[PDB]
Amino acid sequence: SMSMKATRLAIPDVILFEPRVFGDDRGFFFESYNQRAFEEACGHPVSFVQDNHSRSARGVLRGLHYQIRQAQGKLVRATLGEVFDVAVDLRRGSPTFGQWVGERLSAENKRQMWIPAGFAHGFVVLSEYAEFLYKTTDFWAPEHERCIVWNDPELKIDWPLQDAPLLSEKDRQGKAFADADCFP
């Protein structure tokens, strides 16, 4: 007699989902994705073709990522630990171009963020370790991958970090927002 919750964020095309969880004498059960319910909430058809799975230590930051062609909508969640997850609008024609929203997603709260094509995405690990799962609307295309650097001074993203983040080299070498390839 409860149900899945869907809430549009300050940038309305980004949606926060919360599944209905059933507990019992064995442990728990929930639907982590349902095509019908998801499409009703979004307002249009979306099909996914790839699922990705990462594990990251405390302080690791991955992002800010997007594919400029073969763009990927992303439905993301955390199945171990806790992350702060961020979406940045990179559509030049949008009234919220260059704005961002962020939410805490954890194994415990079971919250998910749907981040459509046209956005950049990243997360930082708050717990000892985190494992992060996501579904993508199109395939990996390394030639089309682009990166904006986490601490870009125009975006002004407030990551909850204690010391310097642990970054890959590609991410450490991300471009400035002012130099970045953006969507129409």
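The first residue of the shown sequence is 1; numbering continues from there. In this text, the rigid core denotes the largest set of C-alpha atoms whose superposition between the two forms falls within 1.5 Å.
- Of the two segments 25 to 33 and 145 to 153, the one whose CA positions lie farther from the displayed form in 4 other deposited structures of this protein, once all are superposed on the rigid core, is 25 to 33.
- Put simply, when the other structures in 4 other deposited structures of this protein are lined up on the rigid core, the C-alpha atoms of 156 to 164 lie farther off than those of the other stretch, from 156 to 164 and 10 to 18.
- The PDB entry reports B-factors from which the mean C-alpha value can be compared for 42 to 50 and 155 to 163; the larger average falls on 155 to 163.
- Compared with the other modelled residues of the chain, the Cα B-factor recorded for residue 93 ranks in the highest third.
- When the modelled residues of the chain are ordered by C-alpha B-factor, residue 117 sits in the middle third.
- Residue 34: CA B factor lies in the middle third for its chain, per the PDB record.
- Annotation for residue 58: CA B-factor lies in the lowest third of the chain's modelled residues.
- Sort the modelled residues of the chain by CA B factor and residue 65 lands in the middle third.
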